[PDB]
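Below: query.txt (compact mmCIF, C-alpha atoms)
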```
# COMPACT_ATOMS: atom_id res chain seq x y z
CA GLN A 165 -4.61 11.66 19.94
CA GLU A 166 -3.50 9.04 17.41
CA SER A 167 -6.73 7.07 17.18
CA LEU A 168 -7.99 6.18 13.71
CA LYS A 169 -11.59 6.13 14.98
CA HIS A 170 -11.11 9.73 16.15
CA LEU A 171 -9.66 10.82 12.80
CA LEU A 172 -12.41 9.32 10.62
CA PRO A 173 -16.10 10.30 10.53
CA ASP A 174 -18.61 8.32 12.56
CA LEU A 175 -18.88 4.93 10.85
CA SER A 176 -21.46 3.29 13.11
CA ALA A 177 -23.99 2.96 10.26
CA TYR A 178 -21.58 0.60 8.46
CA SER A 179 -21.00 -3.07 9.24
CA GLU A 180 -18.02 -4.25 11.29
CA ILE A 181 -16.39 -5.87 8.25
CA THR A 182 -16.88 -2.68 6.20
CA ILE A 183 -15.25 -0.53 8.90
CA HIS A 184 -12.31 -2.91 9.09
CA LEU A 185 -11.86 -2.71 5.31
CA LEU A 186 -12.05 1.09 5.38
CA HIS A 187 -9.56 1.29 8.24
CA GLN A 188 -7.06 -0.87 6.33
CA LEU A 189 -7.33 1.28 3.20
CA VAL A 190 -6.80 4.51 5.18
CA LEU A 191 -3.91 2.98 7.14
CA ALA A 192 -2.28 1.94 3.86
CA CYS A 193 -2.25 5.27 2.03
CA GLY A 194 -3.56 7.95 4.40
CA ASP A 195 -6.49 9.20 2.29
CA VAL A 196 -9.35 9.67 4.74
CA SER A 197 -11.66 10.44 1.79
CA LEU A 198 -11.66 6.71 0.95
CA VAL A 199 -14.39 6.43 3.61
CA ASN A 200 -16.78 7.91 1.04
CA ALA A 201 -15.03 6.93 -2.21
CA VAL A 202 -14.97 3.15 -1.61
CA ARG A 203 -18.18 1.71 -3.11
CA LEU A 204 -19.30 -1.82 -2.22
CA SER A 205 -22.12 -3.53 -4.08
CA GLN A 206 -24.83 -5.05 -1.96
CA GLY A 207 -23.55 -8.62 -2.27
CA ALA A 208 -19.83 -7.85 -2.25
CA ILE A 209 -18.75 -8.88 1.26
CA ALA A 210 -20.91 -11.98 1.62
CA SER A 211 -20.02 -13.26 -1.85
CA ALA A 212 -16.29 -12.65 -1.28
CA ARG A 213 -16.26 -14.36 2.12
CA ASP A 214 -18.12 -17.43 0.86
CA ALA A 215 -15.69 -17.71 -2.06
CA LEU A 216 -12.61 -17.38 0.16
CA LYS A 217 -13.98 -19.88 2.69
CA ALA A 218 -14.23 -22.42 -0.14
CA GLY A 219 -10.65 -21.72 -1.26
CA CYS A 220 -11.57 -19.95 -4.49
CA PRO A 221 -8.98 -19.09 -7.14
CA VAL A 222 -7.60 -15.55 -6.88
CA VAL A 223 -6.57 -13.74 -10.07
CA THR A 224 -4.89 -10.35 -10.36
CA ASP A 225 -4.29 -8.27 -13.46
CA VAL A 226 -0.57 -7.62 -12.82
CA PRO A 227 2.25 -9.16 -10.71
CA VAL A 228 2.74 -6.30 -8.24
CA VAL A 229 -0.89 -6.68 -7.13
CA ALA A 230 -0.31 -10.39 -6.56
CA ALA A 231 2.96 -9.70 -4.73
CA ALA A 232 1.15 -7.42 -2.26
CA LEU A 233 -1.39 -10.10 -1.35
CA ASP A 234 -1.03 -11.93 1.94
CA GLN A 235 -0.30 -15.19 0.15
CA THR A 236 0.28 -17.13 3.38
CA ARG A 237 -3.27 -16.63 4.64
CA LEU A 238 -4.57 -17.29 1.12
CA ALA A 239 -2.72 -20.63 0.86
CA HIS A 240 -3.95 -21.31 4.40
CA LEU A 241 -7.49 -21.05 2.94
CA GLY A 242 -6.69 -23.12 -0.16
CA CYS A 243 -6.72 -20.20 -2.61
CA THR A 244 -4.29 -20.17 -5.51
CA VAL A 245 -2.97 -16.87 -6.87
CA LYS A 246 -2.44 -16.34 -10.61
CA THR A 247 -1.92 -13.30 -12.81
CA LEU A 248 -3.32 -12.35 -16.22
CA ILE A 249 -0.29 -10.32 -17.39
CA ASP A 250 3.23 -11.60 -16.74
CA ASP A 251 5.02 -8.47 -18.04
CA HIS A 266 -0.68 -13.76 -29.86
CA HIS A 267 -1.27 -16.87 -27.76
CA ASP A 268 -1.70 -16.79 -23.97
CA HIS A 269 -2.68 -13.13 -24.26
CA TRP A 270 -4.31 -11.76 -21.13
CA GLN A 271 -7.75 -11.69 -22.76
CA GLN A 272 -7.60 -15.45 -23.32
CA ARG A 273 -6.57 -16.00 -19.69
CA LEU A 274 -9.42 -13.72 -18.60
CA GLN A 275 -11.97 -15.65 -20.69
CA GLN A 276 -10.90 -18.78 -18.83
CA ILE A 277 -11.16 -17.32 -15.30
CA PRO A 278 -12.93 -19.95 -13.16
CA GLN A 279 -16.45 -19.42 -11.89
CA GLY A 280 -16.53 -18.10 -8.36
CA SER A 281 -13.01 -16.71 -8.43
CA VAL A 282 -11.94 -13.34 -7.00
CA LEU A 283 -10.65 -10.94 -9.65
CA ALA A 284 -8.45 -8.14 -8.26
CA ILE A 285 -7.60 -5.42 -10.77
CA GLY A 286 -5.15 -2.83 -9.55
CA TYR A 287 -3.56 -1.51 -12.73
CA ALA A 288 -5.20 -1.80 -16.16
CA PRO A 289 -8.58 -0.21 -17.04
CA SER A 290 -8.67 -2.31 -20.24
CA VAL A 291 -8.73 -5.55 -18.22
CA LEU A 292 -11.62 -4.17 -16.17
CA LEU A 293 -13.53 -3.14 -19.30
CA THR A 294 -13.14 -6.57 -20.92
CA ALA A 295 -14.15 -8.29 -17.67
CA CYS A 296 -17.32 -6.20 -17.43
CA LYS A 297 -18.19 -7.07 -21.03
CA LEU A 298 -17.60 -10.78 -20.43
CA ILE A 299 -19.84 -10.52 -17.37
CA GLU A 300 -22.67 -8.77 -19.23
CA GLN A 301 -22.52 -11.48 -21.90
CA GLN A 302 -22.53 -14.04 -19.06
CA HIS A 303 -19.34 -15.75 -20.18
CA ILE A 304 -17.54 -15.37 -16.80
CA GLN A 305 -18.95 -15.17 -13.26
CA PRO A 306 -16.40 -14.30 -10.57
CA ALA A 307 -17.51 -14.19 -6.97
CA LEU A 308 -15.97 -10.71 -6.67
CA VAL A 309 -14.35 -8.07 -8.86
CA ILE A 310 -12.16 -5.57 -7.05
CA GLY A 311 -11.85 -2.93 -9.71
CA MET A 312 -9.26 -0.34 -8.69
CA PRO A 313 -7.12 0.39 -11.75
CA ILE A 314 -4.59 3.21 -11.93
CA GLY A 315 -5.98 6.50 -13.29
CA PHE A 316 -5.16 6.03 -16.96
CA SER A 317 -7.36 7.74 -19.55
CA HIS A 318 -9.92 4.91 -19.69
CA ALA A 319 -10.18 4.27 -15.93
CA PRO A 320 -13.26 6.44 -15.16
CA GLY A 321 -15.21 4.70 -17.91
CA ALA A 322 -14.09 1.23 -16.80
CA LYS A 323 -15.12 1.82 -13.21
CA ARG A 324 -18.49 3.24 -14.28
CA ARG A 325 -19.15 -0.02 -16.16
CA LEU A 326 -18.23 -1.94 -12.99
CA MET A 327 -20.66 0.11 -10.84
CA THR A 328 -23.58 -1.06 -12.99
CA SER A 329 -22.32 -4.62 -13.38
CA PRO A 330 -24.50 -7.33 -11.80
CA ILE A 331 -21.33 -9.02 -10.44
CA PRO A 332 -20.51 -8.41 -6.74
CA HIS A 333 -17.82 -5.78 -6.70
CA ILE A 334 -15.79 -3.17 -4.83
CA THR A 335 -14.42 -0.06 -6.51
CA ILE A 336 -13.28 3.51 -5.81
CA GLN A 337 -15.26 6.54 -7.00
CA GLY A 338 -14.35 10.14 -6.23
CA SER A 339 -10.72 9.51 -5.26
CA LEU A 340 -7.47 8.84 -7.08
CA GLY A 341 -7.06 5.58 -5.16
CA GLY A 342 -6.05 2.46 -7.04
CA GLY A 343 -3.02 0.23 -7.48
CA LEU A 344 -1.95 -1.94 -4.52
CA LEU A 345 -5.08 -0.79 -2.69
CA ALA A 346 -6.71 -3.65 -4.60
CA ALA A 347 -4.46 -6.03 -2.67
CA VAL A 348 -5.12 -4.20 0.63
CA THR A 349 -8.84 -4.70 -0.01
CA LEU A 350 -8.60 -8.47 -0.51
CA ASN A 351 -6.12 -8.83 2.37
CA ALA A 352 -8.62 -7.11 4.68
CA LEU A 353 -11.42 -9.47 3.64
CA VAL A 354 -9.13 -12.45 4.26
CA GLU A 355 -8.23 -11.06 7.70
CA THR A 356 -11.94 -10.99 8.65
CA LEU A 357 -11.91 -14.72 7.87
CA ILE A 358 -8.67 -15.82 9.53
CA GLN B 165 -2.39 3.99 -23.22
CA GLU B 166 -1.50 2.16 -20.03
CA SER B 167 2.12 3.27 -19.60
CA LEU B 168 2.99 4.75 -16.21
CA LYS B 169 5.89 6.87 -17.51
CA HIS B 170 3.49 8.45 -20.00
CA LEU B 171 0.85 9.06 -17.30
CA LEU B 172 3.28 10.79 -14.94
CA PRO B 173 4.95 14.13 -15.67
CA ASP B 174 8.56 14.17 -16.76
CA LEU B 175 10.91 13.60 -13.81
CA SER B 176 14.25 14.22 -15.51
CA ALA B 177 15.67 16.25 -12.62
CA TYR B 178 15.68 13.08 -10.45
CA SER B 179 17.91 10.00 -10.60
CA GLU B 180 16.78 6.66 -12.00
CA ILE B 181 16.44 5.22 -8.48
CA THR B 182 14.41 8.21 -7.32
CA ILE B 183 12.15 7.88 -10.38
CA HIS B 184 11.65 4.17 -9.66
CA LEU B 185 10.71 5.05 -6.07
CA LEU B 186 8.12 7.59 -7.19
CA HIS B 187 6.63 5.13 -9.72
CA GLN B 188 6.35 2.45 -7.02
CA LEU B 189 4.62 4.93 -4.72
CA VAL B 190 2.06 5.91 -7.38
CA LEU B 191 1.48 2.22 -8.10
CA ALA B 192 0.91 1.72 -4.36
CA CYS B 193 -2.01 4.10 -3.99
CA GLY B 194 -2.86 5.60 -7.40
CA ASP B 195 -2.23 9.23 -6.39
CA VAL B 196 -0.26 10.71 -9.29
CA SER B 197 0.27 13.86 -7.24
CA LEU B 198 2.73 11.95 -5.02
CA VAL B 199 5.45 12.71 -7.56
CA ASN B 200 5.10 16.36 -6.43
CA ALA B 201 4.69 15.79 -2.69
CA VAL B 202 7.54 13.38 -1.92
CA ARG B 203 10.61 15.07 -0.42
CA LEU B 204 14.02 13.36 -0.43
CA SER B 205 17.07 14.81 1.23
CA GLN B 206 20.10 15.22 -1.08
CA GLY B 207 21.69 11.78 -0.77
CA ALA B 208 18.92 9.81 0.94
CA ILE B 209 19.35 7.17 -1.78
CA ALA B 210 23.03 6.44 -1.11
CA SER B 211 22.60 6.72 2.65
CA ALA B 212 19.76 4.20 2.47
CA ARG B 213 21.58 1.88 0.07
CA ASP B 214 24.85 2.00 2.08
CA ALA B 215 23.01 1.04 5.26
CA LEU B 216 21.10 -1.76 3.53
CA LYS B 217 24.33 -3.11 2.02
CA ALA B 218 25.73 -3.29 5.56
CA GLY B 219 22.80 -5.42 6.76
CA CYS B 220 21.51 -2.62 9.00
CA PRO B 221 18.55 -3.01 11.36
CA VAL B 222 15.22 -1.96 9.87
CA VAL B 223 12.96 -0.47 12.55
CA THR B 224 9.28 0.35 11.96
CA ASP B 225 6.87 2.20 14.23
CA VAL B 226 3.93 -0.20 13.85
CA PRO B 227 3.48 -3.82 12.72
CA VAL B 228 1.57 -3.14 9.48
CA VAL B 229 4.62 -1.35 8.08
CA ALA B 230 6.73 -4.39 8.96
CA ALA B 231 4.20 -6.78 7.41
CA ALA B 232 4.25 -4.92 4.07
CA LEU B 233 8.06 -5.07 3.87
CA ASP B 234 9.77 -7.51 1.53
CA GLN B 235 11.35 -9.38 4.42
CA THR B 236 12.81 -12.01 2.07
CA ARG B 237 15.05 -9.55 0.25
CA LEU B 238 15.96 -7.78 3.50
CA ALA B 239 16.93 -11.13 5.02
CA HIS B 240 19.14 -11.73 1.97
CA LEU B 241 21.05 -8.53 2.73
CA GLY B 242 21.27 -9.51 6.41
CA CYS B 243 18.81 -6.88 7.64
CA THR B 244 16.77 -7.63 10.75
CA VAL B 245 13.29 -6.09 11.00
CA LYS B 246 11.93 -4.96 14.38
CA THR B 247 8.87 -2.93 15.40
CA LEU B 248 8.62 -0.28 18.10
CA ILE B 249 4.92 -0.71 19.00
CA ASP B 250 3.63 -4.28 19.25
CA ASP B 251 -0.07 -3.31 19.56
CA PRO B 252 -1.07 0.05 18.01
CA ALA B 263 0.34 3.37 29.36
CA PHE B 264 3.08 5.88 28.57
CA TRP B 265 4.45 4.99 32.04
CA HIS B 266 5.61 1.43 31.28
CA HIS B 267 9.26 0.35 31.40
CA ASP B 268 9.36 -1.28 27.91
CA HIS B 269 7.78 1.80 26.28
CA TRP B 270 8.35 2.25 22.55
CA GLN B 271 10.60 5.23 23.25
CA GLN B 272 12.86 3.00 25.36
CA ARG B 273 13.36 0.86 22.26
CA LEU B 274 13.74 3.82 19.86
CA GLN B 275 16.49 5.19 22.17
CA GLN B 276 18.41 1.93 21.71
CA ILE B 277 18.29 2.00 17.92
CA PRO B 278 21.77 1.10 16.60
CA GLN B 279 23.74 3.70 14.70
CA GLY B 280 23.08 3.39 10.98
CA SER B 281 19.70 1.70 11.10
CA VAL B 282 16.70 2.49 8.90
CA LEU B 283 13.69 3.92 10.71
CA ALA B 284 10.41 3.59 8.79
CA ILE B 285 7.43 5.47 10.29
CA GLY B 286 4.07 4.82 8.64
CA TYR B 287 1.53 5.68 11.33
CA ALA B 288 2.34 7.78 14.41
CA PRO B 289 3.51 11.41 14.17
CA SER B 290 4.46 11.25 17.88
CA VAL B 291 7.07 8.62 17.00
CA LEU B 292 8.44 10.83 14.22
CA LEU B 293 8.59 13.88 16.50
CA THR B 294 10.27 11.91 19.30
CA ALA B 295 12.80 10.53 16.80
CA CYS B 296 13.55 14.06 15.58
CA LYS B 297 14.17 15.29 19.12
CA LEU B 298 16.41 12.33 19.95
CA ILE B 299 18.35 13.03 16.73
CA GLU B 300 18.76 16.74 17.55
CA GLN B 301 20.23 15.78 20.91
CA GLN B 302 22.37 13.14 19.13
CA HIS B 303 21.01 10.34 21.33
CA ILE B 304 20.36 8.26 18.17
CA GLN B 305 21.79 8.35 14.65
CA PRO B 306 19.81 6.41 12.05
CA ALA B 307 21.10 6.17 8.49
CA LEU B 308 17.67 7.07 7.10
CA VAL B 309 14.29 8.19 8.44
CA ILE B 310 11.22 7.44 6.31
CA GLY B 311 8.73 9.76 7.96
CA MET B 312 5.31 8.94 6.53
CA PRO B 313 2.79 9.08 9.42
CA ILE B 314 -0.96 9.28 8.89
CA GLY B 315 -2.39 12.81 8.71
CA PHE B 316 -3.28 13.23 12.37
CA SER B 317 -3.41 16.88 13.44
CA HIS B 318 0.24 16.93 14.52
CA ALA B 319 1.57 15.12 11.40
CA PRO B 320 2.46 18.29 9.39
CA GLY B 321 4.58 19.69 12.22
CA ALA B 322 6.40 16.39 12.73
CA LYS B 323 7.29 16.17 9.03
CA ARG B 324 8.34 19.84 8.92
CA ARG B 325 10.62 19.09 11.89
CA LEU B 326 12.06 16.14 9.96
CA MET B 327 12.78 18.25 6.89
CA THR B 328 15.00 20.53 9.00
CA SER B 329 16.97 17.53 10.23
CA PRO B 330 20.52 16.78 9.04
CA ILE B 331 19.77 13.03 9.07
CA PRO B 332 18.94 11.67 5.58
CA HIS B 333 15.20 11.29 5.12
CA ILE B 334 12.30 10.69 2.76
CA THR B 335 8.94 12.18 3.66
CA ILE B 336 5.72 13.51 2.09
CA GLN B 337 4.61 17.13 1.94
CA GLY B 338 0.84 16.87 2.44
CA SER B 339 -1.69 14.47 3.90
CA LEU B 340 -0.68 11.13 2.31
CA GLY B 341 1.33 8.60 4.32
CA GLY B 342 0.73 5.21 5.84
CA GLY B 343 1.97 1.72 6.45
CA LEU B 344 2.06 0.70 2.82
CA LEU B 345 3.66 3.94 1.66
CA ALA B 346 6.52 3.73 4.17
CA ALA B 347 7.09 0.05 3.39
CA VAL B 348 6.83 0.55 -0.38
CA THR B 349 9.51 3.24 -0.08
CA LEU B 350 11.93 0.81 1.56
CA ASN B 351 10.98 -2.09 -0.74
CA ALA B 352 11.77 0.13 -3.74
CA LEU B 353 15.22 0.96 -2.37
CA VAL B 354 15.94 -2.71 -1.64
CA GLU B 355 14.77 -3.65 -5.17
CA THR B 356 17.47 -1.42 -6.70
CA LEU B 357 20.07 -3.48 -4.82
CA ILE B 358 18.95 -7.11 -4.99
```
Rewrite the coordinates I just gave you, this time as structure tokens.
Amino acid sequence: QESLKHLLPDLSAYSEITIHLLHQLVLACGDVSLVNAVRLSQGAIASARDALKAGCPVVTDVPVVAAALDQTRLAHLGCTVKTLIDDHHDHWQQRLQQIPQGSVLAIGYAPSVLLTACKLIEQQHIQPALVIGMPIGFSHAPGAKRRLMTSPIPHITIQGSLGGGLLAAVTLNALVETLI
Amino acid sequence: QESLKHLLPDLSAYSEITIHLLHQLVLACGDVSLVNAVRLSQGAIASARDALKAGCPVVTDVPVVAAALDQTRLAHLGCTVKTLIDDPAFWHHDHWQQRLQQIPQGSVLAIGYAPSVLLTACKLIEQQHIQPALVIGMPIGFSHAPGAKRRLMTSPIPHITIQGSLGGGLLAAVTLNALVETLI
């Protein structure tokens, strides 16, 4: 049998949109443990879908995350895609400080970007509709994702697995697919 | 602090293109252990690059592999992308194995989901019914996936696969996108 539903644990206690997201993540990289390692805050899906319906700005930390996004469906919705790091003025922290209210912030690489975003959120300077915080496992990543877990912002992250990287783009793509 | 080469172990036994491939794979899914688990046959790189430079067909098992491919760069090289299974029964006439059996000599076969497709490809190759230039065998870890990949690693056809449970649509597509990137 090559049925994803048969390979994964019973997911009936999760919502249809959550199961779709979890399927896409497992299909992308094969790690069935993502079923338990993906953590969604209570407002994450509803806040993300409202933002995307309104054509919110989408911001990634690095270009390869943006390149993995389904930019056709995003443009279809009216969402622009921009990146904080292209490769002392126009530093990524200045771009982050300016992120528009209600935008989706997808972080697939840098823990430092996630840390600064969580600080800016605590201090109520920025208010994205969603932070997808899935940086690569550099030395500061566990701390950055712990700060995200207690952030009041709606968010999705990965705890208890090495997942990160372009999985941040898979996550947003899946949410867009539930809308288009 | 946030340098990928300094996060990964030293890879100085491998070529620059192989190292780029492994970096792209870690970036795809965050699993640093992939640098240990990926298996390339001897000249998989040149076999892949020679086929891509000829504008070879690129054949995937399922549509989500195709969708993650950089179709723009492939188009630039003249490569057409087709998919074996349109909706991921075994008694139909246009079965996916009927298509696999027609794969042109020298095409790239990228498998990111079904071990059955990988195993069928291996058996067709053993009987010399098909002759791809490269097999990227990265199915999901269904119960028969380890045997299919073991079968592939005994094959004389150039291949890239993963020892262990990782695999998937993104990983197979990222592998091919990384090889295309080194060209264009």
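Separating atom CA of residue 343 of chain B from atom CA of residue 177 of chain B is a distance of 27.6 Å.
Across the model, the gap from atom CA of residue 324 of chain A to atom CA of residue 192 of chain A is 24.4 Å.
Atom CA of residue 208 of chain B lies 21.0 Å from atom CA of residue 174 of chain B.
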Counting only C-alpha atoms, which residues of chain A come no farther than 9 Å from chain B, as a PyMOL selection string? chain A and resi 165-168+171+190-196+228+232+286-290+312-318+339-345+348
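Minimum atom-to-atom distance to residue 173 of chain B, evaluated using all atoms listed in the file, belongs to B:186 out of B:249, B:352, B:274, B:186.
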Give me the residues near segment 273-285 of chain A as a PyMOL selection string, where near means some atom within 10 Å (using only C-alpha atoms) and where sequence neighbours in that chain fewer than 4 positions away do not count. chain A and resi 211-212+214-216+218-226+229-230+243-249+267-269+289+291-292+294-295+298-299+303-314+332-335+342-347+349-350
Just want the 10 Å neighbourhood of residue 271 of chain B, counted on all atoms listed in the file, with same-chain residues fewer than 2 positions away dropped. Output as a PyMOL selection string. chain B and resi 248-249+264+267-269+273-277+291+294-295+298
Return as lines of an AutoDock Vina configuration file the centre and edge lengths, in Å with one decimal, of the box along x, y and z that encloses every atom of segment 278-292 of chain B in the file, padded by 3 Å per side.
```
center_x = 12.6
center_y = 6.3
center_z = 13.3
size_x = 28.2
size_y = 16.3
size_z = 15.2
```
Would you mind listing what lies within 7 Å of residue 335 of chain B as a ChimeraX atom specification, with all atoms listed in the file counted and same-chain residues fewer than 6 positions away left out? /B:202-204,310-312,323
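The smallest atom-to-atom distance between residue 270 of chain B and any of B:302, B:247, B:329, B:206, using all atoms listed in the file, is found for B:247.
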